[PDB]
Amino acid sequence: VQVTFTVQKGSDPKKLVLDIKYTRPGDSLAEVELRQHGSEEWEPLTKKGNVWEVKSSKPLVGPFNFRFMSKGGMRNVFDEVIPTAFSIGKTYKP
């Protein structure tokens with residue numbers, strides 16, 4: 001029950017594009033949301049291809065938290081996963 005997030009080329013201060021590997025024996029990923037530092041909304045990531053993306057009209061403020069829903073109905077919340085100053089091509093694990 002493991003997740004890594006690698007920042008993909010194409011991310012910028014208003015846009016994160018993430019390759020997310022989600023291992024959970026017998027289940028698999030259905031949904032992912034980001035929550036910015038000190039913010040109360042969960043913002044869905046949209047699956048584009050085999051990566052996930054979320055855009056903002058303002059720069060995103062981190063560190064960023066993430067919530068997952070598996071196709072099995074299992075939900076996890078991981079806090080402080082990725083710093084504001086992320087780097088493209090770096091992998092991050094909660």
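Counting begins at 1 with the first residue of the sequence. These numbers come from the heavy atoms of this one structure, side chains and all, not from hydrogens, waters or symmetry mates.
Here ring-ring contact (aromatic ring centres under 6.0 Å, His included) pairs that include residues 66-85, with residues two or more places apart or in two chains, are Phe5-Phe66, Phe5-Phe68, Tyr22-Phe68, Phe68-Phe78. Listed by first and then second residue, the ring-ring contact (aromatic ring centres under 6.0 Å, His included) pairs involving residues 26-48 amount to none (not counting sequence neighbours). For residues 58-67, every residue pair satisfying the salt bridge (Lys or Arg N to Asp or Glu O under 4.0 Å) rule, not counting sequence neighbours, is listed here: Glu33-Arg67. Applying the salt bridge (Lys or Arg N to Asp or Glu O under 4.0 Å) rule to pairs touching residues 77-94 yields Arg35-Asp79, sequence neighbours excluded.
Distance CG/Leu16 to OG/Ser11: 5.5 Å, rounded to 0.5 Å.
With a 4.5 Å cut-off on side-chain heavy atoms, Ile20 and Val32 count as touching. Within the 4.5 Å cutoff, the side chain of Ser87 has heavy atoms near those of the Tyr92 side chain. The shortest side-chain heavy-atom distance between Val3 and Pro94 falls under the 4.5 Å cut-off.
When all heavy atoms are compared, the tightest approach of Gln36 to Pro59 is OE1-O, 4.0 Å. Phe64 and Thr84 make their closest contact through CE1-CA, 4.0 Å (heavy atoms, listed as atom of the first residue, atom of the second, distance). Of all non-hydrogen atoms in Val54 and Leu60, the two that sit nearest each other are O-CD1, 4.4 Å.
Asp12 meets the side chain to side chain contact (heavy atoms under 4.5 Å, CB included) test with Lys14, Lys15; sequence neighbours excluded. Annotation: side chain to side chain contact (heavy atoms under 4.5 Å, CB included) contacts of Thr23 (sequence neighbours excluded): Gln2, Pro25. Scored by the side chain to side chain contact (heavy atoms under 4.5 Å, CB included) test, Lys48 finds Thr46, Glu53 as partners (sequence neighbours excluded). Shown here are the salt bridge (charged side-chain N to carboxylate O under 4.0 Å, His left out) partners of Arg24, two or more places apart in sequence or in another chain: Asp27. For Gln8, the side chain to side chain contact (heavy atoms under 4.5 Å, CB included) criterion is met by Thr6, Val17, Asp19, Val51, not counting sequence neighbours. With sequence neighbours left out, the side-chain hydrogen bond (donor to acceptor under 3.5 Å, both in side chains) criterion links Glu40 to no other residue.
With respect to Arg75 and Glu31, a salt bridge is recorded, a charged nitrogen being found less than 4.0 Å from a carboxylate O.
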Check your understanding: How far apart are the C-alpha atoms of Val81 and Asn65, what are their side-chain angles, what is the distance that settles it, and do they pass the side-chain contact (heavy atoms from CB on, under 4.5 Å) test?
Key -> CA-CA 6 Å; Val81 177; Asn65 316 290; over 6 Å; no
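Between the side chain of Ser70 and the main chain of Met74, a donor-acceptor pair closer than 3.5 Å is present.
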